[PDB]
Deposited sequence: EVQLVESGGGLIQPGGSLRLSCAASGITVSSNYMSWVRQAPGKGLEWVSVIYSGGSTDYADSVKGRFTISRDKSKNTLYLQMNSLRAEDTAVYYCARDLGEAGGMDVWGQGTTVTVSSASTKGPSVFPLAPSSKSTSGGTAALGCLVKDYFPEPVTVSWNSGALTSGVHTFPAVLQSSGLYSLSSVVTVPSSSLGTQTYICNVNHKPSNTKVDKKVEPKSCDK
């Protein structure tokens, strides 16, 4: 019953604008301190903004003049208007009711994702990580230069799951993502068994099956 449901996050270009919404049930937005807190990929938590029960607003310095927090009493909804977005603003954004010293941030939203990038949607290139010529053997697929996240990888249409490690994507200096998916198999199976990685990139509607062989 008590929940904060957020929406509005998405892909956007540097200098662009975006509006996040936080629809509340069980707490009264206009009666509370309401905060936005963000978390960049692989980083910690950072407070962004607050609006007081009495209407006063405050902002982190890196956000002043670009972000505007507001609320709608009729809809019991909190808003965050994000202008002049930069690549640094890429984060998961959380709304939360803030009790300060009397509690903490006790009610949190599920979070919404904001990606700020000048890169354009692009399906991946799948290259084989072919088994060495010279026990346990390793093979894999290099899923390179795609945007945006996410990419999902399976092996042999899901039949091969044991020993599979798919690594979290890294962001390259070009603005595109890249990841690898590896699997370890017995060296004896390289002659007999076929190994196909299946790469799925929904944002570009790309589906690739690559046979990896020695």
| item | value |
| --- | --- |
| Missing segments of the deposited chain sequence, listed N- to C-terminal | 135-138, 219-223 |
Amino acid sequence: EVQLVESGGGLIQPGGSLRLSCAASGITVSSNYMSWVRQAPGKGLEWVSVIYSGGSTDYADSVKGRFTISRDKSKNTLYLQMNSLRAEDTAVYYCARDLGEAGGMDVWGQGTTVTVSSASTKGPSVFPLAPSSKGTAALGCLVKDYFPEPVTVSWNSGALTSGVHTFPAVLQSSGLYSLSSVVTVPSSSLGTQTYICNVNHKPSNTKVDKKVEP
From here on, numbers count along this sequence of modelled residues.
query	finding
Mean C-alpha B-factor comparison - 185-193 and 28-36, higher one	185-193
Greater mean Cα temperature factor according to the PDB record, 200-208 or 13-21	200-208
Out of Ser133, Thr90, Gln110, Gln81, residue topping the C-alpha B-factor column of the entry	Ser133
Within-chain third of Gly54 by Cα B-factor, per the entry	middle
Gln172 - which third its CA temperature factor falls in, relative to the rest of the chain	middle
Position of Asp61 among the chain's modelled residues by C-alpha B-factor, lowest, middle or highest third	highest
Entry-reported Cα temperature factor of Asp72, expressed as the chain third it lands in	highest
Position of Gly140 among the chain's modelled residues by C-alpha B-factor, lowest, middle or highest third	middle
